[PDB]
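**Student:** Below is one structure. I have some questions about it.
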Amino acid sequence: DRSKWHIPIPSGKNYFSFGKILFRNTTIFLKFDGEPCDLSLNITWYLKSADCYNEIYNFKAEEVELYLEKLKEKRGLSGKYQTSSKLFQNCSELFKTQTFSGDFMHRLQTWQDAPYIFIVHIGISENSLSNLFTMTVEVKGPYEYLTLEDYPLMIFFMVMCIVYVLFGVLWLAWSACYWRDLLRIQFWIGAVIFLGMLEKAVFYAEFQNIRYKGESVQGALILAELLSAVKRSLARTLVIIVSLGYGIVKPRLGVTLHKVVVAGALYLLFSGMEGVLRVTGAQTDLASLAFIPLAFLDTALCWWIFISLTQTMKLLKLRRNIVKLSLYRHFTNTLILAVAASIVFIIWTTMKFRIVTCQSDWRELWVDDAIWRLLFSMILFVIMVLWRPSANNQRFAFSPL
(Lines give C-alpha, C1' and ligand atoms only; values in the text may rest on other atoms or scores of the structure.)
Protein backbone atom coordinates (compact mmCIF):
# COMPACT_ATOMS: atom_id res chain seq x y z
CA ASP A 1 0.00 0.00 0.00
CA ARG A 2 2.58 2.53 -1.24
CA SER A 3 5.34 1.76 1.27
CA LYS A 4 7.26 4.75 -0.10
CA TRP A 5 4.94 7.32 1.48
CA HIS A 6 5.52 10.45 -0.61
CA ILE A 7 3.62 12.73 1.75
CA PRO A 8 4.33 16.46 1.33
CA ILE A 9 4.37 18.10 4.78
CA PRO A 10 1.16 20.14 5.04
CA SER A 11 -0.14 22.84 7.37
CA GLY A 12 -3.52 21.11 7.74
CA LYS A 13 -2.12 18.16 9.69
CA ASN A 14 1.16 17.73 11.56
CA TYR A 15 1.07 13.99 12.33
CA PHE A 16 2.07 11.12 10.07
CA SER A 17 1.28 7.51 10.98
CA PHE A 18 2.92 4.34 9.64
CA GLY A 19 1.87 1.09 11.30
CA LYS A 20 2.93 -2.23 9.75
CA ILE A 21 4.75 -5.52 10.46
CA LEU A 22 8.48 -5.37 9.75
CA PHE A 23 11.62 -7.48 9.36
CA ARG A 24 14.43 -7.20 11.87
CA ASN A 25 17.19 -4.78 10.78
CA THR A 26 14.70 -2.84 8.68
CA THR A 27 15.72 0.77 8.07
CA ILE A 28 13.31 3.70 7.67
CA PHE A 29 14.77 6.37 5.41
CA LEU A 30 13.27 9.85 5.47
CA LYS A 31 13.91 12.03 2.40
CA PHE A 32 13.34 15.78 2.78
CA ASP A 33 13.26 18.03 -0.30
CA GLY A 34 11.48 21.37 -0.44
CA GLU A 35 11.67 25.09 -1.08
CA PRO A 36 13.91 26.32 1.78
CA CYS A 37 12.44 28.80 4.26
CA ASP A 38 13.29 30.26 7.69
CA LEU A 39 11.06 28.64 10.33
CA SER A 40 11.99 26.72 13.48
CA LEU A 41 11.17 23.04 12.97
CA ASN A 42 10.79 20.55 15.83
CA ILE A 43 10.58 17.03 14.42
CA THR A 44 9.62 14.35 16.96
CA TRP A 45 9.56 10.74 15.82
CA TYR A 46 8.40 7.61 17.62
CA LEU A 47 8.97 3.95 16.73
CA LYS A 48 7.06 1.59 19.00
CA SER A 49 6.90 -2.20 18.97
CA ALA A 50 3.30 -2.84 19.96
CA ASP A 51 3.35 -6.52 20.93
CA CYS A 52 -0.36 -7.04 20.16
CA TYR A 53 -1.99 -7.07 16.73
CA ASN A 54 -4.88 -4.85 17.81
CA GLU A 55 -3.08 -1.66 18.86
CA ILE A 56 -1.87 -0.90 15.31
CA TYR A 57 -4.54 -1.87 12.79
CA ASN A 58 -7.63 -1.27 14.93
CA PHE A 59 -5.74 1.91 15.81
CA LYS A 60 -6.92 4.81 13.65
CA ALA A 61 -5.37 8.13 12.66
CA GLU A 62 -7.99 9.95 14.75
CA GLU A 63 -6.46 8.62 17.98
CA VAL A 64 -2.79 9.39 17.24
CA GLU A 65 -2.64 11.98 20.02
CA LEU A 66 -4.56 9.61 22.29
CA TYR A 67 -1.99 6.89 21.59
CA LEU A 68 0.74 9.41 22.41
CA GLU A 69 -0.92 10.36 25.71
CA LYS A 70 -1.25 6.65 26.47
CA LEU A 71 2.40 5.98 25.65
CA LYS A 72 3.89 8.88 27.64
CA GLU A 73 2.53 7.59 30.96
CA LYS A 74 2.17 3.93 29.87
CA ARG A 75 -1.57 3.24 29.88
CA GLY A 76 -2.86 0.26 27.92
CA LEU A 77 0.29 -0.18 25.80
CA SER A 78 2.92 -2.94 25.91
CA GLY A 79 6.38 -3.02 24.36
CA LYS A 80 9.45 -0.84 23.89
CA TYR A 81 9.57 2.59 22.24
CA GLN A 82 12.40 4.54 20.62
CA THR A 83 12.26 8.27 20.08
CA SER A 84 14.06 11.50 19.27
CA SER A 85 13.09 15.18 19.15
CA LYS A 86 15.95 16.75 17.18
CA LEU A 87 15.28 20.42 16.45
CA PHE A 88 15.98 22.32 13.23
CA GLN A 89 16.47 26.09 13.40
CA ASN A 90 15.82 26.82 9.71
CA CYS A 91 13.96 25.01 6.95
CA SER A 92 17.10 24.93 4.80
CA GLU A 93 19.06 23.09 7.50
CA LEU A 94 16.58 20.22 7.18
CA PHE A 95 17.52 19.78 3.52
CA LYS A 96 21.23 19.51 4.33
CA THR A 97 22.96 16.20 5.06
CA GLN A 98 21.33 14.96 8.26
CA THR A 99 21.53 11.18 7.81
CA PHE A 100 19.48 9.80 10.68
CA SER A 101 21.04 7.85 13.55
CA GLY A 102 19.04 6.13 16.27
CA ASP A 103 19.79 7.41 19.75
CA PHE A 104 18.65 5.01 22.49
CA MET A 105 15.85 2.50 23.11
CA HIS A 106 13.53 3.17 26.06
CA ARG A 107 11.60 0.32 27.68
CA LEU A 108 16.40 3.67 12.17
CA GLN A 109 17.35 0.02 12.45
CA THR A 110 14.69 -2.47 13.55
CA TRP A 111 15.45 -4.82 16.45
CA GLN A 112 12.93 -7.64 15.90
CA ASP A 113 10.35 -9.21 13.60
CA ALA A 114 7.22 -7.61 15.02
CA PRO A 115 4.37 -5.21 14.23
CA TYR A 116 5.68 -1.66 14.67
CA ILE A 117 4.09 1.78 14.62
CA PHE A 118 5.89 4.94 13.45
CA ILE A 119 4.61 8.43 14.29
CA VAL A 120 6.08 11.75 13.14
CA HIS A 121 4.98 15.11 14.56
CA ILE A 122 6.35 18.37 13.15
CA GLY A 123 6.09 21.42 15.39
CA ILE A 124 6.08 24.66 13.39
CA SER A 125 7.26 28.00 14.73
CA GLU A 126 1.14 28.57 5.71
CA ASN A 127 -0.07 28.04 2.14
CA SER A 128 3.56 27.59 1.11
CA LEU A 129 4.07 25.51 4.27
CA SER A 130 1.18 23.38 3.03
CA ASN A 131 2.84 20.50 1.14
CA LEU A 132 6.25 22.19 1.15
CA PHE A 133 8.77 19.41 1.87
CA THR A 134 7.91 16.19 0.07
CA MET A 135 8.72 13.84 2.95
CA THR A 136 9.46 10.44 1.41
CA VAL A 137 9.16 7.67 3.99
CA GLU A 138 11.02 4.69 2.51
CA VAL A 139 10.94 1.38 4.40
CA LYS A 140 13.81 -0.90 3.39
CA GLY A 141 14.25 -4.41 4.76
CA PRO A 142 16.75 -7.19 4.03
CA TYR A 143 14.50 -8.53 1.25
CA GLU A 144 14.24 -5.03 -0.29
CA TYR A 145 11.07 -3.03 0.57
CA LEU A 146 8.78 -5.99 1.27
CA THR A 147 7.14 -6.41 4.69
CA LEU A 148 6.11 -9.43 6.77
CA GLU A 149 2.45 -8.56 6.23
CA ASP A 150 2.98 -9.04 2.49
CA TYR A 151 5.99 -11.42 2.59
CA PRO A 152 4.52 -14.96 2.75
CA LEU A 153 1.75 -14.15 0.27
CA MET A 154 4.40 -13.48 -2.39
CA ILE A 155 6.17 -16.84 -1.98
CA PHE A 156 2.77 -18.53 -1.68
CA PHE A 157 1.79 -17.05 -5.04
CA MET A 158 5.16 -18.18 -6.42
CA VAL A 159 4.25 -21.73 -5.37
CA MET A 160 0.66 -21.66 -6.62
CA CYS A 161 1.65 -20.05 -9.93
CA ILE A 162 4.01 -23.01 -10.32
CA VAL A 163 1.05 -25.26 -9.43
CA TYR A 164 -1.18 -23.84 -12.16
CA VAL A 165 1.74 -23.89 -14.63
CA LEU A 166 2.06 -27.62 -13.95
CA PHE A 167 -1.73 -27.92 -14.25
CA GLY A 168 -1.70 -26.23 -17.66
CA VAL A 169 1.16 -28.40 -18.91
CA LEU A 170 -0.68 -31.52 -17.73
CA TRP A 171 -3.96 -30.35 -19.29
CA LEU A 172 -2.26 -29.70 -22.63
CA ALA A 173 -0.47 -33.06 -22.43
CA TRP A 174 -3.84 -34.75 -21.96
CA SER A 175 -5.50 -32.73 -24.74
CA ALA A 176 -2.68 -33.43 -27.21
CA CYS A 177 -3.56 -37.11 -27.68
CA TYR A 178 -7.32 -36.75 -28.14
CA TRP A 179 -9.29 -33.89 -29.72
CA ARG A 180 -12.29 -35.45 -31.51
CA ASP A 181 -13.73 -36.64 -28.18
CA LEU A 182 -13.74 -33.21 -26.51
CA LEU A 183 -17.08 -31.70 -25.49
CA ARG A 184 -17.99 -28.26 -24.15
CA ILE A 185 -17.10 -29.01 -20.52
CA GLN A 186 -13.49 -29.66 -21.57
CA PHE A 187 -13.23 -26.22 -23.19
CA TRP A 188 -14.92 -24.67 -20.14
CA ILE A 189 -12.45 -26.30 -17.71
CA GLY A 190 -9.57 -25.16 -19.91
CA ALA A 191 -11.07 -21.67 -19.80
CA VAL A 192 -11.21 -21.82 -15.98
CA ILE A 193 -7.55 -22.88 -15.89
CA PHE A 194 -6.60 -20.02 -18.22
CA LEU A 195 -8.58 -17.56 -16.09
CA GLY A 196 -6.52 -18.77 -13.15
CA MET A 197 -3.40 -18.25 -15.28
CA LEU A 198 -4.24 -14.64 -16.15
CA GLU A 199 -5.63 -13.76 -12.69
CA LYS A 200 -2.65 -15.02 -10.73
CA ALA A 201 -0.29 -13.66 -13.39
CA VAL A 202 -1.55 -10.08 -13.05
CA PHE A 203 -1.74 -10.48 -9.26
CA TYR A 204 1.88 -11.69 -9.19
CA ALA A 205 2.80 -8.72 -11.39
CA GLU A 206 1.13 -6.51 -8.79
CA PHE A 207 3.32 -7.99 -6.04
CA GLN A 208 6.33 -7.57 -8.33
CA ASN A 209 5.42 -3.89 -8.50
CA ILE A 210 5.21 -3.97 -4.69
CA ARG A 211 8.65 -5.47 -4.13
CA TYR A 212 10.87 -3.98 -6.86
CA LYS A 213 9.34 -0.59 -7.64
CA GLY A 214 7.72 -0.35 -4.20
CA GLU A 215 4.50 1.20 -5.51
CA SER A 216 0.89 0.02 -5.45
CA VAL A 217 -1.44 0.16 -8.47
CA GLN A 218 -5.10 -0.12 -7.51
CA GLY A 219 -6.26 -0.92 -11.05
CA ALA A 220 -4.22 -4.13 -11.13
CA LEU A 221 -5.86 -5.17 -7.86
CA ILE A 222 -9.30 -4.41 -9.34
CA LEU A 223 -8.43 -6.51 -12.40
CA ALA A 224 -7.09 -9.42 -10.33
CA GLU A 225 -10.07 -9.69 -7.99
CA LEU A 226 -12.53 -9.14 -10.84
CA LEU A 227 -10.87 -11.99 -12.75
CA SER A 228 -11.03 -14.21 -9.66
CA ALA A 229 -14.72 -13.38 -9.17
CA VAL A 230 -15.57 -14.16 -12.80
CA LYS A 231 -13.48 -17.35 -12.59
CA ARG A 232 -15.14 -18.80 -9.49
CA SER A 233 -18.56 -17.67 -10.77
CA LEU A 234 -18.07 -19.61 -14.02
CA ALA A 235 -16.72 -22.55 -12.00
CA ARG A 236 -19.82 -22.88 -9.82
CA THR A 237 -21.94 -22.24 -12.91
CA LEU A 238 -20.32 -25.35 -14.41
CA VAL A 239 -20.99 -27.19 -11.14
CA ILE A 240 -24.70 -26.28 -11.29
CA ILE A 241 -24.91 -27.23 -14.99
CA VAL A 242 -23.34 -30.63 -14.30
CA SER A 243 -25.61 -31.10 -11.27
CA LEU A 244 -28.60 -30.74 -13.60
CA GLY A 245 -27.07 -33.22 -16.06
CA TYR A 246 -26.89 -31.39 -19.39
CA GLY A 247 -27.51 -33.92 -22.15
CA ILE A 248 -27.91 -36.84 -19.75
CA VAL A 249 -31.16 -35.45 -18.33
CA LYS A 250 -32.13 -32.88 -20.96
CA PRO A 251 -30.26 -32.06 -24.22
CA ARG A 252 -30.80 -28.31 -23.72
CA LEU A 253 -32.12 -26.88 -20.45
CA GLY A 254 -33.35 -23.69 -22.12
CA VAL A 255 -35.30 -21.39 -19.82
CA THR A 256 -33.82 -23.09 -16.76
CA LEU A 257 -30.39 -22.56 -18.33
CA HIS A 258 -31.34 -18.88 -18.57
CA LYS A 259 -32.28 -18.93 -14.88
CA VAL A 260 -28.93 -20.60 -14.12
CA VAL A 261 -26.99 -17.86 -15.92
CA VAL A 262 -29.19 -15.23 -14.24
CA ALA A 263 -28.26 -16.78 -10.88
CA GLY A 264 -24.62 -16.58 -11.92
CA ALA A 265 -25.04 -12.95 -12.98
CA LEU A 266 -26.70 -12.07 -9.66
CA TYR A 267 -23.87 -13.83 -7.82
CA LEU A 268 -21.43 -11.75 -9.85
CA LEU A 269 -23.33 -8.49 -9.28
CA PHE A 270 -23.10 -9.06 -5.51
CA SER A 271 -19.84 -10.93 -4.86
CA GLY A 272 -17.66 -9.24 -7.48
CA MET A 273 -18.62 -5.83 -6.12
CA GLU A 274 -17.91 -7.28 -2.67
CA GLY A 275 -14.41 -8.25 -3.83
CA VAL A 276 -13.87 -4.81 -5.35
CA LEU A 277 -14.81 -3.40 -1.94
CA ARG A 278 -12.19 -5.70 -0.39
CA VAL A 279 -9.68 -4.29 -2.90
CA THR A 280 -10.14 -0.63 -1.93
CA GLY A 281 -10.14 -1.35 1.80
CA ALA A 282 -13.84 -0.74 2.39
CA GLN A 283 -14.85 0.98 5.61
CA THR A 284 -16.28 -0.91 8.59
CA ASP A 285 -19.89 -0.15 7.66
CA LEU A 286 -19.44 -1.31 4.06
CA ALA A 287 -17.38 -4.32 5.19
CA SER A 288 -20.11 -5.35 7.63
CA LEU A 289 -22.80 -4.79 5.00
CA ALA A 290 -21.08 -6.70 2.20
CA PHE A 291 -20.93 -10.29 3.45
CA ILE A 292 -24.62 -10.75 4.39
CA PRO A 293 -25.92 -11.31 0.81
CA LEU A 294 -22.63 -13.08 0.08
CA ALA A 295 -23.15 -15.66 2.84
CA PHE A 296 -26.84 -16.01 1.98
CA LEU A 297 -25.90 -16.62 -1.66
CA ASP A 298 -23.35 -19.30 -0.76
CA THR A 299 -25.88 -21.08 1.47
CA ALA A 300 -28.68 -20.95 -1.11
CA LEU A 301 -26.56 -21.92 -4.12
CA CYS A 302 -24.86 -24.80 -2.31
CA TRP A 303 -28.20 -26.14 -1.04
CA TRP A 304 -29.57 -25.96 -4.58
CA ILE A 305 -26.49 -27.87 -5.80
CA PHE A 306 -27.08 -30.63 -3.23
CA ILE A 307 -30.77 -30.88 -4.17
CA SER A 308 -29.98 -31.11 -7.89
CA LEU A 309 -27.15 -33.55 -7.15
CA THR A 310 -29.33 -35.95 -5.16
CA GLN A 311 -32.02 -35.73 -7.84
CA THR A 312 -29.64 -36.56 -10.70
CA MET A 313 -28.10 -39.26 -8.49
CA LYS A 314 -31.55 -40.86 -8.22
CA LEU A 315 -32.14 -40.60 -11.98
CA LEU A 316 -28.73 -42.08 -12.81
CA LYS A 317 -29.44 -44.83 -10.29
CA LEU A 318 -32.52 -45.63 -12.38
CA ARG A 319 -30.43 -45.41 -15.57
CA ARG A 320 -28.01 -48.24 -14.56
CA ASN A 321 -25.02 -46.46 -16.12
CA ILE A 322 -22.18 -48.17 -14.27
CA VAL A 323 -18.95 -46.24 -14.88
CA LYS A 324 -20.81 -42.93 -14.89
CA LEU A 325 -22.42 -43.82 -11.55
CA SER A 326 -18.98 -44.54 -10.10
CA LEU A 327 -17.50 -41.31 -11.49
CA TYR A 328 -20.32 -39.10 -10.24
CA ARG A 329 -20.27 -40.92 -6.89
CA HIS A 330 -16.62 -39.86 -6.59
CA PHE A 331 -17.81 -36.39 -7.64
CA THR A 332 -20.37 -36.25 -4.79
CA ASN A 333 -17.75 -37.49 -2.32
CA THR A 334 -15.42 -34.72 -3.52
CA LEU A 335 -18.18 -32.14 -3.06
CA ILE A 336 -18.96 -33.36 0.48
CA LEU A 337 -15.29 -33.21 1.45
CA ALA A 338 -14.94 -29.76 -0.13
CA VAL A 339 -18.00 -28.34 1.65
CA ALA A 340 -16.97 -29.80 5.02
CA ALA A 341 -13.39 -28.51 4.74
CA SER A 342 -14.61 -25.09 3.59
CA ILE A 343 -17.12 -24.71 6.42
CA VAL A 344 -14.68 -25.82 9.14
CA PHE A 345 -12.08 -23.43 7.73
CA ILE A 346 -14.66 -20.62 7.79
CA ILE A 347 -15.61 -21.36 11.40
CA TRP A 348 -12.02 -21.64 12.64
CA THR A 349 -10.45 -18.70 10.79
CA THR A 350 -13.34 -16.22 10.97
CA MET A 351 -14.34 -16.95 14.58
CA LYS A 352 -10.83 -16.96 16.05
CA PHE A 353 -9.96 -13.90 13.96
CA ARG A 354 -12.27 -11.71 16.05
CA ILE A 355 -13.50 -13.47 19.22
CA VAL A 356 -10.03 -13.48 20.81
CA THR A 357 -9.21 -10.22 22.60
CA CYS A 358 -5.69 -9.96 21.17
CA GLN A 359 -4.31 -11.77 18.15
CA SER A 360 -0.98 -12.60 19.78
CA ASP A 361 0.25 -14.86 16.95
CA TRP A 362 0.83 -12.40 14.10
CA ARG A 363 2.80 -14.77 11.87
CA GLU A 364 -0.06 -16.83 10.40
CA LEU A 365 -2.41 -14.28 8.81
CA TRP A 366 -1.17 -14.99 5.27
CA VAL A 367 -3.20 -18.22 5.37
CA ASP A 368 -6.44 -16.20 5.66
CA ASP A 369 -6.22 -14.88 2.08
CA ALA A 370 -4.80 -18.22 0.89
CA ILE A 371 -6.86 -21.14 2.23
CA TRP A 372 -9.81 -20.59 -0.13
CA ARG A 373 -7.51 -20.53 -3.16
CA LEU A 374 -5.72 -23.64 -1.88
CA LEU A 375 -9.02 -25.50 -1.46
CA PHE A 376 -10.26 -24.47 -4.89
CA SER A 377 -6.97 -25.45 -6.53
CA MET A 378 -7.23 -28.88 -4.90
CA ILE A 379 -10.82 -29.11 -6.15
CA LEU A 380 -9.65 -28.33 -9.70
CA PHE A 381 -6.96 -31.00 -9.37
CA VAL A 382 -9.52 -33.61 -8.28
CA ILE A 383 -11.85 -32.62 -11.14
CA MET A 384 -9.00 -33.02 -13.63
CA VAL A 385 -8.25 -36.47 -12.17
CA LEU A 386 -11.91 -37.46 -12.57
CA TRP A 387 -12.17 -36.05 -16.11
CA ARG A 388 -8.96 -37.42 -17.62
CA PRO A 389 -9.02 -38.30 -21.35
CA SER A 390 -9.05 -41.94 -22.46
CA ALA A 391 -9.84 -44.05 -25.52
CA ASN A 392 -13.30 -45.14 -24.34
CA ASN A 393 -14.12 -41.62 -23.08
CA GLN A 394 -16.63 -41.29 -25.94
CA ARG A 395 -18.83 -43.86 -24.22
CA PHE A 396 -17.63 -42.96 -20.72
CA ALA A 397 -18.49 -39.25 -20.70
CA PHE A 398 -21.77 -39.05 -22.61
CA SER A 399 -24.32 -41.48 -24.02
CA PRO A 400 -27.00 -40.75 -26.66
CA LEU A 401 -30.04 -39.96 -24.52
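Quick reminder, even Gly has a Cβ in these numbers, built from the backbone with ideal geometry, and neighbours come from all protein chains shown. Basis: the model, the stated rules and, where named, an outside source; these are not laboratory values.
**Student:** Given the conditions (1) under 30 Å from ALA50 (Cβ atoms); (2) in the same structural domain as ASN392 (by TED's automatic domain parsing); (3) surrounded by 14 or more Cβ atoms within 10 Å (Cβ to Cβ), report the number of the one that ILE155 does not fulfil.
**Tutor:** If we test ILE155 against (1) under 30 Å from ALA50 (Cβ atoms); (2) in the same structural domain as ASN392 (by TED's automatic domain parsing); (3) surrounded by 14 or more Cβ atoms within 10 Å (Cβ to Cβ), just (3) comes out false.
**Student:** Here's something else I'd like to know. Test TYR67 against the stated conditions and say whether it is outside the structural domain of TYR212 (by TED's automatic domain parsing), surrounded by 14 or more Cβ atoms within 10 Å (Cβ to Cβ) and closer than 18 Å to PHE23 by Cβ.
**Tutor:** No.
**Student:** Let me ask you something else. Please specify each residue of the range 106-120 satisfying the condition of being within 30 Å of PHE203 (Cα to Cα) and assigned to a strand (DSSP E or B).
**Tutor:** Result: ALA114, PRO115, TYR116, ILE117, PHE118.
**Student:** Of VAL169, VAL163, which residue is of a type in the set (A, V, I, L, M), part of a helix (DSSP H, G or I), assigned by TED's automatic domain parsing to the domain that holds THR237 and out of contact with any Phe, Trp or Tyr (no Cβ under 9 Å at 6 or more places or on another chain)?
**Tutor:** Every option except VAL169 fails the conditions.
**Student:** Any chance you could count how many residues in the range 1-25 are within 20 Å of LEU148 (Cα to Cα) and outside any loop (DSSP other than H, G, I, E, B)?
**Tutor:** Total satisfying the criteria: 7.
**Student:** Which of the residues belonging to the range 302-354 are under 20 Å from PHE396 (Cβ atoms), in contact with a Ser or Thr (Cβ under 8 Å, 6 or more places away or on another chain) and of a type in the set (A, V, I, L, M, F, W, C)?
**Tutor:** Passing the criteria: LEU309, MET313.
**Student:** Still on this structure, please answer the following. Residue by residue through the range 345-388, note down the ones that are assigned to a loop (DSSP other than H, G, I, E, B), surrounded by 15 or more Cβ atoms within 10 Å (Cβ to Cβ) and over 15 Å from the mean Cα position of the chain (by Cα).
**Tutor:** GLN359, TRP387
**Student:** Counting only residues that are hydroxyl-bearing (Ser, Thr, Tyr), within 30 Å of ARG320 (Cα to Cα) and part of a loop (DSSP other than H, G, I, E, B), how many does the range 239-295 have?
**Tutor:** Number of matching residues: 0.
**Student:** Go through the range 312-344 residue by residue and tally those that are assigned to a loop (DSSP other than H, G, I, E, B) and surrounded by 11 or more Cβ atoms within 10 Å (Cβ to Cβ).
**Tutor:** Selection size over the range 312-344: 1.
**Student:** Answer with yes or no whether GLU149 is in contact with a strand residue (DSSP E or B) (Cβ under 6 Å, 6 or more places away or on another chain), outside any helix (DSSP H, G or I) and of a type in the set (D, E, K, R).
**Tutor:** Answer is yes for this residue.
**Student:** Condition first: in contact with a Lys or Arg (Cβ under 7 Å, 6 or more places away or on another chain), farther than 14 Å from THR44 by Cα and not hydrophobic (A, V, I, L, M, F, W, C). Now tell me which residues in the range 66-105 satisfy that.
**Tutor:** Once the filter is applied, which keeps residues that are in contact with a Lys or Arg (Cβ under 7 Å, 6 or more places away or on another chain), farther than 14 Å from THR44 by Cα and not hydrophobic (A, V, I, L, M, F, W, C), the range 66-105 yields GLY76, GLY79, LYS80.
**Student:** Looking at the range 289-327 only, could you name the residues that are of a type in the set (S, T, N, Q) and farther than 22 Å from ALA338 by Cα?
**Tutor:** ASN321
**Student:** Looking at the range 121-146 only, could you name the residues that are acidic (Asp, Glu), closer than 30 Å to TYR204 by Cβ and part of a loop (DSSP other than H, G, I, E, B)?
**Tutor:** Correct list: empty.
**Student:** Which of the residues spanning the range 331-344 are more than 18 Å from the chain's Cα centre (by Cα) and either within 16 Å of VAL367 (Cβ to Cβ) or polar (S, T, N, Q) (or both)?
**Tutor:** Listed by number, the residues that qualify are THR332, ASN333, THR334, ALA341, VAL344.
**Student:** List the residue pairs whose Cβ atoms are under 7 Å apart, where the first residue sits in the range 67-86 and is more than 17 Å from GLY123 (Cα to Cα), the second is surrounded by 12 or more Cβ atoms within 10 Å (Cβ to Cβ) and of a type in the set (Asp, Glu), and the two are 6 or more positions apart or on different chains.
**Tutor:** Going by the 7 Å Cβ cut-off, the qualifying pairs are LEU77/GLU55; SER78/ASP51; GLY79/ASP51.
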